[PDB]
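Each value in this text was obtained by applying a stated rule to the coordinates, not by laboratory testing. FYI the Cβ positions are ideal-geometry reconstructions off the backbone, even for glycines, and counts take in every protein chain you see.
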Amino acid sequence: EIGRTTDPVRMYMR
Amino acid sequence: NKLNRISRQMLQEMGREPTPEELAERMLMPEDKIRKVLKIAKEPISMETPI
Amino acid sequence: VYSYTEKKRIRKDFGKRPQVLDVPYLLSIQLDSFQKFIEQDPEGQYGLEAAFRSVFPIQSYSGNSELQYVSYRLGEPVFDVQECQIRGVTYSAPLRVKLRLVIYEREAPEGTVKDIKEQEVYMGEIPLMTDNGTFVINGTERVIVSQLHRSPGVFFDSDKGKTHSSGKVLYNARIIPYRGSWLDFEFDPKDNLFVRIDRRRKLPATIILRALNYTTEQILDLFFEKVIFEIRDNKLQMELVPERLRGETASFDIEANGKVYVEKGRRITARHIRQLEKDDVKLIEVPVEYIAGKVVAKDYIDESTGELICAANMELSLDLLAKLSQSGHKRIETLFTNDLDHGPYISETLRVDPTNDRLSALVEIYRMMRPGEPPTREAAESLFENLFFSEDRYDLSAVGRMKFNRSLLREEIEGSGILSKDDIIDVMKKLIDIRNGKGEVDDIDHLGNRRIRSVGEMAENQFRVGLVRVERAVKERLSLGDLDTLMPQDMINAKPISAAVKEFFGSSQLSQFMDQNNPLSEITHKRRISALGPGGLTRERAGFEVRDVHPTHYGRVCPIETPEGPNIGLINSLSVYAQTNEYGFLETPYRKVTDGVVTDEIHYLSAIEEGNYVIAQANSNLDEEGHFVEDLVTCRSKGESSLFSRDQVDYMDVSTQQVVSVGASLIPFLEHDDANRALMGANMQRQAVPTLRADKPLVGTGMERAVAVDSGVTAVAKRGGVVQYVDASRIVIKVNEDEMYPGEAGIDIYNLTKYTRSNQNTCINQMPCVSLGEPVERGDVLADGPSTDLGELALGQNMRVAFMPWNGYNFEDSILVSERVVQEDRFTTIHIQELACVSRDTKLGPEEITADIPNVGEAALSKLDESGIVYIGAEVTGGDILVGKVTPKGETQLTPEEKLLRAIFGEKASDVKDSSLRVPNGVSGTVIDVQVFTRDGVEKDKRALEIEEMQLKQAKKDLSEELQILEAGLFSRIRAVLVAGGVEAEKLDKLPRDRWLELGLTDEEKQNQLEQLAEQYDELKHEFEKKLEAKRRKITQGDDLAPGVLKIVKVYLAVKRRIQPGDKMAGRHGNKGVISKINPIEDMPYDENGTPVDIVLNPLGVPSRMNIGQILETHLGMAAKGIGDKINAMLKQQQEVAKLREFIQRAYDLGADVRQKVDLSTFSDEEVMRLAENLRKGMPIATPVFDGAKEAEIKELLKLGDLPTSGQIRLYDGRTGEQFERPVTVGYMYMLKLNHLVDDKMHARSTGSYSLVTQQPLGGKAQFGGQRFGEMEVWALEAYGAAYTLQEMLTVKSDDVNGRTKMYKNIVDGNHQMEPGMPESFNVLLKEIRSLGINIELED
């Protein structure tokens, strides 16, 4: 999954 | 916040938007204080608003 | 035959084709849609019922609770249209929905409820449409313009061979729903299918097939056909179908049953296929190398151990054949591939597909849709099931389902609104078929693929959005633990729904300000189709193919009338007879042509039904019974047009006007104009300002009455009768006996709009056109609105025009105007402006409206009363104080010299600041109305009390003198009833009037009628009482002003603007022009009788622009005015009525085989005289759009007067008296005054207010702003050597703060020298670059 998206909320959820 | 839920509980009890006189006898405070609360400036308009 | 409103002035029709279908109600596109919106529909199909049934019932999370819908109703509006236009609020009706909350019982699937609570909850107010299709939203009238968008469904576009070097067409499919995601399919240059969702990253197309729970064998079963090989103990014989061999060349001998058919190296010809079919060959013997590349179909496993011999979709070879030979398998199924007819695209896509299971495909879909988070099984399943297969997040339409089934050639037109496996499979199959070679790609500009939304549909969509917004909160509230014995009113907030509806109606791209400077402007704004808006293309991303005019626009969308500029072809206008389908597709009427005759029955055909039939032309002659008089006629069959036999035609056009809109059907001689000039004339005809006196079009079309009546400017009689009382502001009609209901007293009262302002600050005024004691009938006009004359549209004035060059005063497009045109007030217009003066509550104290203004003399306060407001009727010029207002201010903190001056002169300062309202500089009007609004906590000044007394007196007076008229009519009805059946000649007037309604009669219904009249009278009395109390309580009540403002004073000024050089005038044929001189009367060219011309126009504008329609309009106007002058001469000599009859009949009998027989011998010798008095300023002439008057008829009309048939007369010079060397074209042309007046364009500035961040002047003429000296002007000054002019342009005149004050002081000190400095914008730029991490600095 690292690193596909920027989305700093999605990273927190992950 | 209290004034925003009292004036919306009287929307569905009267059928139309109330008046600052009627909130005064409902919120138990003088009309002058309610006029001050309603005169609080909201979030300012962005200067990049297309006009 | 002729109506009483049309016997006054009959327009002479030159059209020759008889009309079959009369022009429909023009504003029926705006009125039917909103009628469908707010309408109690027993079936949940249209409007609010559909939204309520598609959202409710709301059920909690299995918590044995449910909120369900019962009914709804629209309440009475608080204020009507006029009151809400005055106050400044929305005209709307309160929506009051009746709900029902039910609580179930535990341990029951659908068991009996324990308690029910049925309550009516108010949820928002929805704005209401007026009688004309407009909305009053914040006091202003707005129009919700219709939208032309792509219909939902599946559209198989292509790529046209571009975007690739080799030039391959990459066919693609796309499923568009009303609400949901986009399931695009496509091809890559390698012929592999792909699918992308929401225009995201591209994925192989078999991933979605696997996600739909399909194996590889099932996919190969769906998208391919089998080739059954067999092991017949030797050589691997296979079953053969002869059709499979088409387009093939076998390198061996195709020999079956020992019979040679195709030799070595021979192509399998059609004759070979026929021979094989005749011999009925079903089994052949093939070489073992024939399977060297054939792809197997299914999974063949070993019989002994179960190991995988060959998986599905894998090409067989010799070793694989051997491994399946001794294993025990005899039937071998292989795919049918080809290169021309049956391509193997799905097989290759499977070979590129990374996944191999349903869960892997779902995980790949999840990683494409939501990248960067770990995918769960149930999360991926939920995402896929909520993409296209959920009723909430996806809905195609009814229209989408119909188009989806039509495109796939199904038989049903209705079905589920969500996709299924069959739909996706069928779309993929049809895309593959189009790739193979059969099938055609769609065109997205066809009007069978584009759909029309309107006010009702868009309003319903926004209401449904609000409903789901409130259903989220309702579902959260029911599950929140509480039981709670609550009513169905504590869960619903009316602010989401009302906010959504207000957002749509007030702030939207399709909800725009109405154009109100004409009846034509309003009518053509309401009948407007726009490709833009929420859900359509933009002005920048739109190409060339949506702007073009398609062959399917014929009869549905006007080709010429479109705005020229950034959006040309995006703001189209509806045609005259065009309608809208049940689904929203434009359709146009055609009349059925049976076996050999053209019947009168009319069928409406959409753009897809139109292509199947062959449709004749309206310019086709019929032999008085139906048959085409020719042997073959010209028609259009499938887009293209050619000549067809008269036995082949299926339909015929209804009219010659059906191709053009209602603005382009008002141009006489349109077929002689160039299309560019016709477009310009159509677009300029709706900018014309209504003048002081509407004249009439002397050369019209016959579409004027339709535009004037089908709009809302006139006053049209609802029922027939006799005019009982006329006045400048009221008409009272006494209805006929046969048009009255049995109970009511039949009188109609029409109150006229007098001197109100429109959106464009023009004047709206209705003046009656009937007289006292005059018969009217239903549909006759009673008053004329702006730009209307006796019920006809009259946009401008028709004036004598000469086409000649006159000393360079009409050089490029300029116009030379006589002084009689400005003396007679032909182009004088009235403009009304609204000026407001708000008194707010500042921090230092409130602002007052006193007349005691400091620093002003007694001369300035002469037009103000004791209350500080201007009088009504006062003539105020620029700078005069209208409303005197003073604001408190702090401490001045004056300079040492100022305080020395104060000490010397002893004049102390004033603590208040003069902030009074004053007339804008340049305008000079008359105050016609003052309105005062006061907050409900503030004492009213004497002026507001006087206004209130006037309003209360007027309300009581109006109600009293409507009740007087109604009572008088009712008592006259009673008296007329009492004459028959109980006759009383003079036994009635002695007793009082009140006792006439309580007298007895026989045992019939006449006593019931007398009692019904008495009951009606009592109801009228009590209605007057209740209306008077309501009006009093509504007048005396306070106003709901904005927070902060104490009172508002509004002043209305009426300005009469005469014509002057610089004003823009035009005609109906795209011939615009700015007038340049106002010539004296004795300087204008004059003919043999001394009559000067009014307008001199340049002949050079005609040949280069090809608007020849104006020359013919000039000649026909000359002929019409000649007939009028002959009638006027006969009327001035008061000869006789027989002479008038003879001449007017001879004038109405021209010309060559026209319709409109008049038969003037049935007139009554007093209707002849009114007609002749109305025809003494010129006989009006109707020239239809493409039917028209031939020039031979114009010559005949010119002969019928005494004018030369050349159209040209000998003209003399007013200044020298010498005739011009050649005859010049004189005649009458209908001129218009466009709304581009020069006193709204002129601006000038020296020093004013400067901006805030960049200290530069502001924008033009609203805040006294400067002219932009942009980059191209800087290049122009650099192309010269003007280095000092440029430097003063960009430093001292604009931006340098110290330098501009220094320059002003230098100029007023007589020294012209600049001290430039550096602009403030560069300092702003340095600070903004420096407030990044970058260090920019000036160094020396």
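Of everything in the stretch C:348-363 that's among the hydroxyl-bearing types (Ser, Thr, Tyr) and touching a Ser or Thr at 6+ places or on another chain (Cβ under 9 Å), which residue is farthest from C:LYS202 (Cα to Cα)? Residue satisfying both the conditions and the ranking: C:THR355. Could you list all residues from the stretch C:616-654 that are among the aromatic types (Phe, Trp, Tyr) and within 10 Å of C:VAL593 (Cβ to Cβ)? Correct list: C:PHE628, C:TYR651. The residue pairs whose first member lies in the stretch C:393-412 and is touching a residue at least 12 places away in the same chain (Cβ under 8 Å) and surrounded by fewer than 17 Cβ atoms within 10 Å (Cβ to Cβ), whose second member is assigned to a loop (DSSP other than H, G, I, E, B) and of a type outside the set (A, V, I, L, M, F, W, C), and whose beta carbons are closer than 7 Å, counting only pairs six or more residues apart or on different chains, are C:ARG393/C:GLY180.
When C:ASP941, C:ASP914, C:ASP929 are checked against the criterion of being closer than 30 Å to C:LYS1261 by Cα, more than 42 Å from the chain's Cα centre (by Cα) and surrounded by 15 or more Cβ atoms within 10 Å (Cβ to Cβ), a single residue qualifies: C:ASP914. Counting only strands (runs of 3 or more DSSP E) that sit completely within the stretch C:808-896, those holding 3 or more residues that are closer than 29 Å to C:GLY796 by Cα correspond to C:815-817, C:829-842. Taking the listed residues C:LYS863, C:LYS885, C:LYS899, C:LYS913, the one that is touching a strand residue (DSSP E or B) at 6+ places or on another chain (Cβ under 7 Å) and over 18 Å from C:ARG943 (Cβ atoms) is C:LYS913, with no other qualifying. Looking only at the stretch C:678-721, residues that are of a type in the set (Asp, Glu) and not in a loop (DSSP other than H, G, I, E, B) come to 2 in all.
Screening C:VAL89 on (1) surrounded by 15 or more Cβ atoms within 10 Å (Cβ to Cβ); (2) away from chain B (no Cβ under 14 Å) shows it passes everything except condition (2). Taken as a whole, the condition of being in contact (Cβ under 8 Å) with a residue 12 or more places away in the chain, crowded, with 19+ Cβ neighbours inside 10 Å and within 34 Å of the chain's Cα centre (by Cα) applies to C:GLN797. Taking the criterion of being of a type outside the set (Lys, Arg) and either part of a loop (DSSP other than H, G, I, E, B) or out of contact with any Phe, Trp or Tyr (no Cβ under 9 Å at 6 or more places or on another chain) (or both), the residues of the stretch C:668-677 that qualify are C:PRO668, C:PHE669, C:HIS672, C:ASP673, C:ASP674, C:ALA675, C:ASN676. Condition first: surrounded by 10 or more Cβ atoms within 10 Å (Cβ to Cβ) and more than 9 Å from every other protein chain (Cβ to nearest Cβ). Can you find one or more residues in the stretch B:42-51 that meet it? Looking through the stretch B:42-51, none of the residues is surrounded by 10 or more Cβ atoms within 10 Å (Cβ to Cβ) and more than 9 Å from every other protein chain (Cβ to nearest Cβ). When C:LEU520 is tested against the conditions (1) in a helix (DSSP H, G or I); (2) more than 14 Å from chain B (Cβ to nearest Cβ); (3) free of Cβ contacts under 8 Å to residues at least 40 places away in the same chain, the lone failure is (3). Taken over the stretch B:14-41, the criterion of being surrounded by 10 or more Cβ atoms within 10 Å (Cβ to Cβ) and acidic (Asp, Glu) is satisfied by B:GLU17, B:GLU21, B:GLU22, B:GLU31, B:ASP32. Is it the case that C:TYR178 is closer than 21 Å to C:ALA312 by Cα and surrounded by fewer than 21 Cβ atoms within 10 Å (Cβ to Cβ)? Here the answer is no, as C:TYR178 does not meet what is asked. The residues of the stretch C:684-699 that are surrounded by fewer than 24 Cβ atoms within 10 Å (Cβ to Cβ) and either over 23 Å from the mean Cα position of the chain (by Cα) or farther than 23 Å from C:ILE764 by Cβ (or both), listed by number, are C:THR691, C:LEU692, C:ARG693, C:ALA694, C:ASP695, C:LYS696.
Here is a yes/no grid of residues against (1) away from chain A (no Cβ under 14 Å); (2) among the hydrophobic types (A, V, I, L, M, F, W, C):
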{"residue": "C:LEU321", "(1), (2)": "yes, yes"}
{"residue": "C:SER325", "(1), (2)": "yes, no"}
{"residue": "C:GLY328", "(1), (2)": "yes, no"}
{"residue": "C:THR337", "(1), (2)": "yes, no"}
{"residue": "C:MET369", "(1), (2)": "no, yes"}
{"residue": "C:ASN386", "(1), (2)": "yes, no"}
{"residue": "C:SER397", "(1), (2)": "yes, no"}
{"residue": "C:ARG401", "(1), (2)": "yes, no"}
{"residue": "C:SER416", "(1), (2)": "yes, no"}
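Taken as a whole, the stretch C:561-577 holds at least one residue that is within 23 Å of C:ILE144 (Cβ to Cβ), outside any loop (DSSP other than H, G, I, E, B) and of a type in the set (S, T, N, Q). Out of curiosity, is C:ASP1040 among the charged types (D, E, K, R), within 14 Å of another protein chain (Cβ to nearest Cβ) and surrounded by fewer than 21 Cβ atoms within 10 Å (Cβ to Cβ)? Against the criterion (among the charged types (D, E, K, R), within 14 Å of another protein chain (Cβ to nearest Cβ) and surrounded by fewer than 21 Cβ atoms within 10 Å (Cβ to Cβ)), C:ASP1040 qualifies. Contact map, the stretch B:1-28: first residue farther than 21 Å from C:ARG935 by Cα and facing chain C (nearest Cβ under 9 Å), second residue among the hydroxyl-bearing types (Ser, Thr, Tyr) and surrounded by 15 or more Cβ atoms within 10 Å (Cβ to Cβ), Cβ cut-off under 7 Å, separation 6 or more or different chains; pairs are B:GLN12/C:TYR122; B:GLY15/C:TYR122. A single member of C:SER758, C:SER787 is touching a residue at least 60 places away in the same chain (Cβ under 8 Å), among the hydroxyl-bearing types (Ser, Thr, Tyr) and touching a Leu at 6+ places or on another chain (Cβ under 6 Å), and it is C:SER787. None of C:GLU744, C:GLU671 is in contact with a helix residue (DSSP H, G or I) (Cβ under 7 Å, 6 or more places away or on another chain), among the acidic types (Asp, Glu) and touching a residue at least 12 places away in the same chain (Cβ under 8 Å) except C:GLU744.
The residue that is farthest from C:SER479 (Cα to Cα), counting only those in the stretch C:114-129 that are crowded, with 16+ Cβ neighbours inside 10 Å and away from chain B (no Cβ under 11 Å), is C:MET129.
Determine whether the stretch C:1181-1193 contains at least one residue that is of a type outside the set (D, E, K, R), touching a helix residue (DSSP H, G or I) at 6+ places or on another chain (Cβ under 6 Å), outside any loop (DSSP other than H, G, I, E, B) and within 24 Å of C:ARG1068 (Cα to Cα). Yes, that holds for at least one residue.
Inspection of the stretch C:428-442 finds no residue satisfying the criterion of being within 14 Å of another protein chain (Cβ to nearest Cβ), farther than 30 Å from C:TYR46 by Cβ and part of a loop (DSSP other than H, G, I, E, B). Considering the stretch C:461-495, the residues that are farther than 18 Å from C:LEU99 by Cα and surrounded by 15 or more Cβ atoms within 10 Å (Cβ to Cβ) include one that is farthest from the other protein chains (Cβ to nearest Cβ), namely C:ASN461. Against the test of being of a type outside the set (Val, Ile, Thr) and surrounded by 16 or more Cβ atoms within 10 Å (Cβ to Cβ), the options C:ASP1340, C:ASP1296 yield a single qualifying residue, C:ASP1296.
Only one entry in C:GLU961, C:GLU949 is closer than 30 Å to C:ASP880 by Cβ, loosely packed, with under 15 Cβ neighbours inside 10 Å, free of Cβ contacts under 8 Å to residues at least 60 places away in the same chain and among the acidic types (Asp, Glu), namely C:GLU949.
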